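So the protein lines, in turn, are chains A, B, C, D, E, F, G and H. Sequential numbering of the first sequence, starting at 1, is according to the UniProt record's numbering. When the letters of the second sequence are read in order and numbered with the UniProt record's numbering, they come out as residues 840 to 1081, 1092 to 1119. Sequential numbering of the third sequence, starting at 1343, is according to the UniProt record's numbering. Sequential numbering of the fourth sequence, starting at 109, is according to the UniProt record's numbering. When the letters of the fifth sequence are read in order and numbered with the UniProt record's numbering, they come out as residues 2 to 189, 195 to 560. Sequential numbering of the sixth sequence, starting at 68, is according to the UniProt record's numbering. When the letters of the seventh sequence are read in order and numbered with the UniProt record's numbering, they come out as residues 3 to 76, 118 to 221. Sequential numbering of the eighth sequence, starting at 1128, is according to the UniProt record's numbering. Note that the Cβ used here is the ideal one computed from N, Cα and C, for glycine as well. First comes the structure, then the notes that go with it.
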Amino acid sequence: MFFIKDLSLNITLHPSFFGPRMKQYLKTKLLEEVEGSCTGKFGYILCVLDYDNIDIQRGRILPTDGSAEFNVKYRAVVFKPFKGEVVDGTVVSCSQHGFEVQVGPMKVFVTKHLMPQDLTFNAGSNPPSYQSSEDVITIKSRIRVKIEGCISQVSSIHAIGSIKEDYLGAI
Amino acid sequence: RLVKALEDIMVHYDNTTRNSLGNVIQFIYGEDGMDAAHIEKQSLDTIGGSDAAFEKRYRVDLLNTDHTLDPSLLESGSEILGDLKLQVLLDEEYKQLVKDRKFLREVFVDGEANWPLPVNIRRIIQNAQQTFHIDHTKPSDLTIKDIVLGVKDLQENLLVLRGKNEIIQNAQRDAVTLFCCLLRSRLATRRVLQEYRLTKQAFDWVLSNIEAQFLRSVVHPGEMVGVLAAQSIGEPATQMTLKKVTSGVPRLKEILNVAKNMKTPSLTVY
Amino acid sequence: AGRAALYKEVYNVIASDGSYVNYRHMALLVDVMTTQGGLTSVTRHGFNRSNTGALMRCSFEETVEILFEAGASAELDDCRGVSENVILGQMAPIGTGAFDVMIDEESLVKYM
Amino acid sequence: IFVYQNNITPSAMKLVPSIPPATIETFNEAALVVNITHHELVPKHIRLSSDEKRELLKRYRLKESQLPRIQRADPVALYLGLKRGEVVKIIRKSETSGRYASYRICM
Amino acid sequence: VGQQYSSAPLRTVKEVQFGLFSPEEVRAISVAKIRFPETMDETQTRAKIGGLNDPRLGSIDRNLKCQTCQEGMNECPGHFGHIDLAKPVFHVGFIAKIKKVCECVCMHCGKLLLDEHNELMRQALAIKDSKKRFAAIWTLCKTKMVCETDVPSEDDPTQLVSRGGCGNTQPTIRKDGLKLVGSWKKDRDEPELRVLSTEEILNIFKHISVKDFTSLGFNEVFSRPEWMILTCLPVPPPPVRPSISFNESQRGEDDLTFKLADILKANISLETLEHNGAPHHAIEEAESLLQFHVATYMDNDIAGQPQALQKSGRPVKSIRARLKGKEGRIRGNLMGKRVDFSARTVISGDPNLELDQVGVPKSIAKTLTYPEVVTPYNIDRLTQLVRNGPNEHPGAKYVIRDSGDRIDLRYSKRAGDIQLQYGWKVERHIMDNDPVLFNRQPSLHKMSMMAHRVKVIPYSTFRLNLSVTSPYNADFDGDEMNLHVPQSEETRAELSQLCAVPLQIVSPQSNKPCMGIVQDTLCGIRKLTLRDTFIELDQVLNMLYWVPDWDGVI
Amino acid sequence: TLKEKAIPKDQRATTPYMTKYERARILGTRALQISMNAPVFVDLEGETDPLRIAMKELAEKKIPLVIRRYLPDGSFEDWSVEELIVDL
Amino acid sequence: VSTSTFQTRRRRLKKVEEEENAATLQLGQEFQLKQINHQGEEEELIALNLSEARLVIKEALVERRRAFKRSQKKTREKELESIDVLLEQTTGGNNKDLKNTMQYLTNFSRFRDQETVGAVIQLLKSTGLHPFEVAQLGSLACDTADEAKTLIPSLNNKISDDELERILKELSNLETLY
Amino acid sequence: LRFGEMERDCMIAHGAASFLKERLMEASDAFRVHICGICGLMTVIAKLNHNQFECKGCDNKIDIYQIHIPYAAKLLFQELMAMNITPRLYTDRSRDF
RNA sequence: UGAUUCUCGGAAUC
Ligand SMILES: [Mg+2]
Ligand SMILES: [Zn+2]
Ligand SMILES: [Zn+2]
Ligand SMILES: [Zn+2]
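Structure representation (structure tokens):
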């Protein structure tokens, strides 16, 4: 599931930082504008590998202010869920409408009606939970869900998944 | 109009004149690649004059008592008389100065020897003169090999186009051709030593400059030639305040329109 | 031999005035008119109908009419024309902008 | 090559381009009385091999269409008998530099 | 420029893709319907009815609102609206083509009238050139007026091959006003004339083959013949047809904002006849009306006279008129604009300024400014100019900090205070030696515009040096000249490095100098020359003191 | 395309000299940067004018810039202030 | 500002064919089997399975702490603490995601050795299987060829039940302990 | 004062690129509009506050550029659109050459 | 021509 996609970002550097340790401030800002990003087209940008060999190429000077623009080519580790994918994470919150599991940087939620019937919701519980014949799901409980659909937004991606198929539940 | 017609035209970094499509309009701006600003009406001495006066001026014969350089001119004068290996380069030169004379009488059938040309040589020497306080008395110290070899050597650096091949390097000879003639016309052995007594130093200097002055007189890639050429013609047109044909202003209008029924159709038959 | 006449003629119009223009200009024009094929005129009839961009031919005599059949023929403009960038408000590929300038971060450390 | 005296019937001429590869050209007598090429004003042109041409292009970084064109019916074009696509090299005198090398493709 | 930061990346335009609008896109784009023909008045109650201008579209009255797009006027380009016509109309300009196109295809089926099968045709189909293809195509098939169902192929003129079908004769067409009519010939005799309803034409164009589009100078993505006929009408937003409010209780609606009102009116009346007592052909007298107003709104200077004059006799500037050369957007507002940082007065000669200098009156030096960027190289010199106020000469009038905000030096209760911050900009007065561009229209030279060194001086004239006269081709018989002030460090550079007068001394138009010595100095230099002329000590000493570069050696 | 639009440092054809436009623009640009509070690579012998400093930086060829000379067809040549001869 | 990918697709106006996302091995056009490497060469998509990823990250996250000091002169619950530091030294710190990615990626990891994870890869990479499946098989503990061909429905016909079972066995084997 | 056509022409002859561009822009119109990275239009509904960008119809929110052009030009285009003609603004080349 | 000033037309200037 996780990926290592080849990306490239364009940064406009102000003449100010046209010093000797520029390559440095260039890189440094790349990392401030990438690691932690989130697109619907790349999902979660998590980390730039091979720091030492980032390519800056020659930047060209814009023409009204000194600012030079470099097309920084790099490579890094990303992860964007998919519909019909199967991953397992740890549940975090849980209410009368379901629990929300946390696969990585992301958060997948499961409807009270996307699980099995012989699994109810226990209100008078501490912490809040869902009981079964032999199973009991709450906070720390490790689940394994099937991501039904994804909805990208802002700088995060949410998705709803089910546990009504087979081999889906606790572990 | 003239302006909107040539807006986009400019000399590109290859030294070709093109527009916005990149259509070649002239392969070398002005059939020579020289920036208008660096040109003065010089005179091609090789053209004018009688066949007789020509010989007396450029002919050097090391195998003759009366047609050799007088040892009062060159240091190694006497010790040069008769030398056969020198009379080969000495003759090789002359055959050229004459191929020149014939060539110029084909480009300029008028005989008009005064034309615009980059690098003013007349001055470049004069300054060489009184810069080395050269006395018209004592003898030079240029070998004949010194002169003729260094001249043929100069023509090698007068680069207009740079190209690493035949097609291009062939154009080179072309765009330069005319200049060179003027160059050999003023740096022929007899002339260099008898007309303007140069020293070894004086010479090496005049050469160095011609070269440098030339490379400065090349057109700069970026020059918006179109607009320039445009204005340059449409301006001397507003200075027009006015053998019986169709004059000027109405005529110019006539021409640019490519009008079929011109007022004066005329036609001169020889 | 036509170009030869066209030029010769244009020259004789500037010369009958006793003035003087350096070949090159008369030549350039005599050429812009000639290259394309025959005698392309310098009017809304000739030159302003070539392959030059739309926005360019557009700034001279036909304006709207030209723009119209320019969207009808779904034309594409390079933005290579001078006029092009003047309308757009961008430095045009002319002298000062006939090239690009860049900070060679390499030599930018050998200088200190 | 065929030399008509006063004219060929329009019924006739519509039979020239019907036998490829080989090709044919029609010339008038009164149009060949004098050779135009010998005119003070006309510079000498020269055909180019599909080699010297494919070279010229590559040597100037040119696309076929950016090259100065010459009429297929051009007086001189017929004299040498050009063909849509062929390239001529025109060499003429020049008051700025001895000789100038200009090329003309054919439309 | 435009003010306010935007996280949008910025780029320069590199290509212009021209095309025609698809009636559907016109809706996609549109942010307002536009069903009412009035301006606003929610029944006199000033505002804007969700009818015309601002049914969501752009705004007026200095109010953020623009579909929360806020920003208020400045920053918010207009927001196109649309207006679903009742029936399809031509495009005043495309009419010539819509026509020529019909003469190229047949009705009923909608396909070419010359296939690869006809040879003279093939040849035209190799002419890669949208303009010359459609210009050869038309000349060929404008003549054949019968949709041939069978033609003699590349073989025997005895064997007939087939293709499409229905030879329905093709009527020749001619133009009349804003409508196309044609005659169909029947043999046996006499013609049969009828008007080609838009709805019909449009239809025949939709069917036209995708590869037919192409062969006939068009484009499947950007310009499909079927678009030269208007279904939906893009309604330009306020900034294109701004009003002009004379305070409050007054109108001022632009010219355009009226023909929309008219187009809108003559549309609603049409519909009210197609869903009511439809006297069938008393409608085309009100449909020919819509074809008119929507023809006018774009073009008003047609052949079939009717000028469509606004109530007053005033012609009504059509959109085309706004663009039309000279004084019009293209040639008038884009190829040439009015600029800021300029000045113009009267010129007078002065034999006391180096060639490249130019005298600027203190009046103007204190008016024109130059943005200098507070650097430690001048933080001092600058804080001085700032305190100096905008009244004494060597001073300044505006200080702008990083926080994109302008401090007005002649009012700000802190005018005398202010410490500067590296990176701040301080607009100062033009000072001695600020390269400027000087010129005298009509400009037909490189020379008519040269860079000079500013020399501030008393008295209200541009004091230029004599020798630099003939280049601008000016005299002092009451002549005026323009001066423009550079604005970016790299700009001045261009003036001073290429434009400067000392550079323009040798002119490329005649490969010879263009400035010399005239009048007095010329006349006097001849007298002073002569063998006859001699001068004695006491004076030959004052003359030596006048050549600024004299080595001090008598 | 291109690294394909980038002619090699060898095989370079253009003029070994700097065009007045380049020079004019390099000075301009550099000035604009020096003025922007950019770093100065020479000894400001007391200089305080940017377009002045640029003329100095350009006189010891200590200007870290590279001119990209585009050709009529897109492919280009790259030259540095350091290389280019500054005759003018 | 944003960030682009090495692949210039010519979007000519009609942007209307946005396929769906499903483990029908149909991932956004951005992750086709054949993508382009900066060098300009084609290269097979890069699929990381949990843990194998925890290593790629941890590896560069480390060799960064090194080059971050070259220019400074001029066991399960145990690695939870050891990696929380390698972050607060070579990360933005405000990248609350990567913090969560390393916990999740360090908890549900199925291996500890760069040797073990090496064999896993060597093994799974002789199937002819798509990198996404290949990934999934490494990060999800399967016992049956049914538990597999059901939690990774793109398999179904690509490999016999026994085969995938053999490989499923070999995994629970190399599967390092805790 | 006016910097009309003829004034332009001279600056073009001088080769003073930057300057010409400066008279036309900073010292006059100069404006900042937004475009759809897809249909070369100005639809773009940038709220420049909550960063929202959209452009329904083309339906975007991810591919959007910002450009600087003379307001008289923004106008030129808008007028052409109201005449039903599409002037596309593309920030990159695809026809090559 | 181009520009300016006048006051959508007229006037003026070189
Ligand atoms: Mg006067
Ligand atoms: Zn708005
Ligand atoms: Zn039919
Ligand atoms: Zn859009």
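Please classify residue i: does DSSP put it in a helix, a strand, or coil?
i             : result
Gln96(A)      : coil
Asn1354(C)    : helix
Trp954(B)     : strand
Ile269(E)     : helix
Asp189(G)     : helix
residue 20(F) : Because chain F is modelled from 68 through 155, residue 20(F) falls outside the range shown and cannot be assessed.
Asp1373(C)    : helix
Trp146(F)     : strand
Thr527(E)     : helix
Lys197(D)     : strand
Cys47(A)      : strand
What in chain H is Cβ-close to residue i, meaning under 8 Å?
i        : result
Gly40(A) : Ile1189
So which of the options has the shortest CA-CA distance to residue i?
i          : options                                   : result
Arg1100(B) : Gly1344(C), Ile1356(C), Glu1404(C)        : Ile1356(C)
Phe143(F)  : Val133(F), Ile152(F), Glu124(F)           : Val133(F)
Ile126(G)  : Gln9(G), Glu19(G), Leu148(G), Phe70(G)    : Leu148(G)
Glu1404(C) : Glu1351(C), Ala1440(C), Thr1385(C)        : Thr1385(C)
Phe1146(H) : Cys148(E), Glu280(E), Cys505(E), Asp55(E) : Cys505(E)
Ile385(E)  : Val405(E), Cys107(E), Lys533(E)           : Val405(E)
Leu998(B)  : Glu1050(B), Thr856(B), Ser915(B)          : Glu1050(B)
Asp408(E)  : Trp430(E), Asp414(E), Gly166(E)           : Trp430(E)
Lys16(G)   : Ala87(E), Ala136(E), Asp438(E), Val227(E) : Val227(E)
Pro382(E)  : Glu206(E), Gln427(E), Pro367(E)           : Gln427(E)
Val32(E)   : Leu53(E), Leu391(E), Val93(E)             : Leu53(E)
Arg344(E)  : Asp423(E), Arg230(E), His490(E)           : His490(E)
For residue i, which residues in chain E fall below 7 Å Cβ to Cβ?
i         : result
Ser182(G) : Near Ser182(G) there are no residues of chain E at all, since even the closest Cβ is about 36 Å away, more than 7 Å.
Residues of chain D with a CB under 8 Å from the CB of residue i: which are they?
i          : result
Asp1013(B) : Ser205, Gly206, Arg207, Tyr208, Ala209
Residues of chain A with CB under 7 Å from residue i, in chain order?
i         : result
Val133(F) : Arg58
When every heavy atom of ligand 6 is checked, does at least one fall within less than 8 Å of the C-beta of residue i?
i          : result
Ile1194(H) : Of the ligands one can find in the structure shown, namely ligand 1, ligand 2, ligand 3 and ligand 4, none is ligand 6.
Using a cut-off of 8 Å between C-beta atoms, extract the partners of residue i located in chain C.
i        : result
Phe18(A) : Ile1445, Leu1450
For this session: Could you run through the stretch 1407–1434 of chain C and flag, in chain order, every residue whose CB is less than 8 Å away from some CB of chain A?
Result: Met1433
Exercise. Given a limit of 7 Å on CB to CB distance, which residues of the stretch 1385–1405 of chain C reach chain D?
Worked result: none
Problem set entry | Environment of ligand 2 in chain order, Cβ to heavy atom below 5 Å | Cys67(E), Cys70(E), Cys77(E)
For this session: Mind checking the stretch 128–140 of chain G against chain A and listing, in chain order, the residues whose C-beta falls within less than 9 Å of any C-beta there?
Result: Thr133, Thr134, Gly135, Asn137, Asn138, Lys139, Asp140
Exercise. If you measure from each residue's Cβ to the nearest non-hydrogen atom of ligand 1, which ones come out under 6 Å, in chain order?
Worked result: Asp481(E), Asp483(E), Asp485(E)
For this session: Name, going along the chain, the residues of the stretch 9–27 of chain G whose beta-carbon falls closer than 7 Å to a beta-carbon of chain H.
Result: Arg12, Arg13, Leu15, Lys17
Exercise. The stretch 145–170 of chain D: which residues have C-beta closer than 7 Å to a C-beta of chain F, in chain order?
Worked result: Answer set for the stretch 145–170 of chain D: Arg169.
Exercise. Relative to chain B, which residues along the stretch 1131–1155 of chain H have a C-beta separation below 7 Å, given in chain order?
Worked result: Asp1136, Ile1139, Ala1140, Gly1142
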